[PDB]
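Just so we're aligned, residue 1 is where the sequence shown starts under the deposited numbering, counting upward by one.
We put the CB at the ideal spot given by N, CA and C, even for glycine.
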Amino acid sequence: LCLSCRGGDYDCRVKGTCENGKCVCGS
Numbered sequence: 001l002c003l004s005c006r007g008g009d010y011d012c013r014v015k016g017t018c019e020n021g022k023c024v025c026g027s
């Protein structure tokens, strides 16, 4: 889950990992 970071679509921000201000919804 990404809150204090920028990322793609909401769905991507939910299942994404929040790292270094960036949301990563992948592997």
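It is roughly 16 Å from the alpha-carbon of residue 14 to the alpha-carbon of residue 20.
Residue environment for residue 26: exposed (fewer than 16 other C-beta atoms within 10 angstroms of its C-beta). Counted as a single uninterrupted DSSP element, the alpha helix (DSSP H) harbouring residue 12 occupies residues 10-14.
Spatial neighbours of residue 2 in its own chain (CB-CB distance under 6 Å, excluding positions within 5 residues in sequence) are listed in chain order as 13, 16, 18 and 23.
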